[PDB]
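# Observations on chain architecture
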Amino acid sequence: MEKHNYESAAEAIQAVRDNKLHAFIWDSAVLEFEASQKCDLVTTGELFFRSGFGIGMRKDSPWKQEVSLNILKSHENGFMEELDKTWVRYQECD
Amino acid sequence: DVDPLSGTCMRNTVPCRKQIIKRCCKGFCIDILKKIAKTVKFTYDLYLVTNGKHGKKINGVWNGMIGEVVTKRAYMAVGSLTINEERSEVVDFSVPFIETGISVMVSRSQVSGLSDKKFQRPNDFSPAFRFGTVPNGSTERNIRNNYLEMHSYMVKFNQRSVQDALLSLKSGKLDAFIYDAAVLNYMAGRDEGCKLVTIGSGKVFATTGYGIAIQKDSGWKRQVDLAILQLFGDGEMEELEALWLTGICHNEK
Amino acid sequence: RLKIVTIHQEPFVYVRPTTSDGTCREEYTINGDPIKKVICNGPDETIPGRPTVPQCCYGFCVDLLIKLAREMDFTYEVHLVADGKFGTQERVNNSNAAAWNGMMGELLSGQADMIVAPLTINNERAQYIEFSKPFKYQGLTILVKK
């Protein structure tokens, strides 16, 4: 993998698009949106190195206690589902 | 049920008592608990719940294992327990070890949108449609919270037990079944014939994972959490997944 | 007040400068809604030198943040971190020296009290700071032309 590395995300997607490089490896959240964006390119397999995102706070700050409490409340109602639905287009690909 | 001749539990099985008799509990969760305990190095007593199964809020009062967590009759509650805002409010939860949630299990004959409202109303479709879930569940409570009509309609299609819910799906007389995604996926993999499958990619709404109860802000807490990600950190969870979770079905498709 | 920091990540954050003094575009989501937006001060590579530049940023994380802001008593002011990197430990050998470069470093430093961005959650970071329950969860994968 170390061989033939690229400096930035745009160039890395481009290489596959330019067909300079047959395959590209990166975390899904950046990649799937692009997968929707072109559909000339596709994502494959199962997300590995699975890692969930979240909002950072110092352990000392109690506001985070509410934040998680709020985050969960936002999950249950499907607020997130509709937000991902909005921001993942999702327009053209299959 | 332990071998009577042996008189005590065998192999991976760890004892659990139910007030009504010694029963022998074993499985995926049991092994995870054993590993977590091994890593954090503490000793523990395991028993079975009597009242209300999974935690449920009825009128003013809670039920299930959560009660024994609140009554301090249990420090931590372990199981297939799902996560929700109310319980996270009352008790601190462990990080989710597995990808799961609400989902559907149906025969090869449905909802591509999966919010298409065909579920929202049966009556729009002239033949009566049918779907149901197990009551006193986090799923049912969530349903009642967000979607009332679905709850009020599905009460007729509610089923006694997952084997019996399965009886309603399998023998006919019910079209679709809805339940926890991990259980529905394992059941997708494990069936006497490959007659049952998940919905779509089995990609579940209400994306959640199985947590573990603690009392409140005072607890071993973080120490547990670390242990958990050490478990996947060494890659044990994949092995345990292949052994316990992996079903033979769905290889074909 | 909450000082919020972010990084330039395309799906969850977008960056356009405010047109002249005027603030933000009325641009609309595919589902008919006007797009919400907020002001963010962050690194600009457009000028040859790099000024911390006033900018307009709109995102999933922003909508989430304001959702919280209606839910939560707090008020928010956001500026993007100077370093394009979110954060990584680095720099001198003696004792433990410096601190992880990037927005995370701003969080410990207090440059921003709270971090809203697409940040994966890991133990190495976790000991240093508290982490909010995940809004999302993804993993690595491969892109190849169909």
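The rules behind these values
- Residues numbered from 1 in each chain as written, not as in the entry; some residues may be left out.
- Chains lettered and ligands numbered in written order.
- Part of a larger assembly, values for the part shown.
- Heavy atoms only, no water.
- Residues with missing side-chain atoms left out of burial classes, pairs and counts.
- Helix = DSSP H or I, 4+ residues; strand = E, 2+ residues; numbered from the N terminus.
- Rg over C-alpha atoms; globule rule 2.2 N^0.38 Å.
- Contact = heavy atoms within 4.5 Å.
- Pairing = 2+ DSSP bridges.
- Axes fitted to C-alpha atoms, helices over the stretch in contact; angles between N-to-C directions.

- If you look chain B up in the PDB entry, it shows as Ionotropic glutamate receptor subunit NR2B from Xenopus laevis.

- Under the PDB entry, the name given to chain A is N-methyl-D-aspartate receptor subunit NR1-8a, and the organism recorded is Xenopus laevis.

## Observations concerning the overall build of chain B
- Within chain B, the regular secondary structure consists of 9 helices and 8 strands.
- With respect to the principal axes defined by its C-alpha atoms, chain B has extents near 60 × 45 × 40 Å.

## Observations regarding the overall build of chain A
- Counting secondary structure elements, chain A contains 4 helices and 3 strands.
- Counting from the amino terminus, chain A carries its helices and strands in the arrangement α-β-α-β-β-α-α.
- For 94 residues, the compact-globule estimate of 2.2 N^0.38 gives 12 Å, and the C-alpha radius of gyration of chain A, at 17 Å, exceeds that figure by more than 25%.

## As for the interface of chain A and chain C
- Each partner contributes to the interface: chain A provides 27 residues, whereas chain C provides 25 residues.
- Every element with two or more residues in the side of chain A that touches chain C is listed here: β1 (24–27), β2 (41–52) and β3 (56–57) of chain A.
- By residue number, the principal contributor to the side of chain A that touches chain C is β2(A), which donates 11 residues.
- Two strands pair when backbone bridges link them, and β3(A) and strand β6 (residues 114–115) of chain C are joined in this way by 2 bridges, in the antiparallel orientation. Bridge pairing in β6(C) places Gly56(A) opposite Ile115(C).

## A look at the pairing of strand β1 (residues 2–5) of chain C
Residues and elements named next belong to chain C.
- As paired elements, β1 and strand β5 (residues 76–78) share 3 bridges and run parallel to each other. Paired with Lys3 across the strands is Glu77, a residue of β5.
- As defined by bridge partners, β1 adjoins β6 across 2 bridges and the pair is classed as parallel. The residue bridging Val5 from the neighbouring strand is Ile115, located in β6.

## Considering the sheet that holds β1(A)
- Read from one edge of the open sheet, 3 strands run β1(A)-β8(C)-β2(A), paired in antiparallel fashion. Unpaired on one side and paired on the other, β1 and β2 of chain A mark the two borders of the sheet. The average undirected angle you get between the axes of adjacent strands in this sheet is 20°.
- Where β2(A) lies against strand β8 (residues 137–145) of chain C, 7 bridges are found, and the strand directions are antiparallel. The residue bridging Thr43(A) from the neighbouring strand is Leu143(C), located in β8(C).
- Sheet strands touched by helix α2 (residues 28–38) of chain A: β1 and β2 of chain A together with β8 of chain C. Its angle to β1(A), the strand with the most contacts, is close to 120°.

## So, the pairing of strand β4 (residues 52–58) of chain C
- Where strand β2 (residues 14–16) of chain C lies against β4(C), 3 bridges are found, and the strand directions are antiparallel. Bridge pairing links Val15(C) to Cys57(C) in β4(C).

## Section: the arrangement of the chains
- Chain A shows no contact with chain B. Their nearest C-alpha atoms sit 5 Å apart.
- Across all C-alpha pairs, the smallest distance from chain B to chain C is 7 Å, and the two are not in contact.

## Comments concerning the sheet that holds strand β7 (residues 176–180) of chain B
Residues and elements named next belong to chain B.
- The 4 strands are arranged β6-β7-β5-β8 in an open sheet whose pairing can be described as mixed. Bordering the open sheet on either side are β6 (131–132) and β8 (197–198), each of which pairs with just one other strand.
- Across 5 bridges, the pairing between strand β5 (residues 102–106) and β7 is antiparallel. Bridge pairing in β7 places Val106 opposite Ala176.

## Brief notes about unusual backbone geometry
- Of note, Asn19(A) is a non-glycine position whose phi angle comes to about 70°, a positive value.
- Checked against the element boundaries, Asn19(A) lands in the loop between α1 (9–18) and β1.
- Positive phi values are uncommon outside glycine, yet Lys41(B) reaches one of about 60°.
- Structurally, the position occupied by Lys41(B) is in the loop between α1 (28–40) and β3 (56–58).

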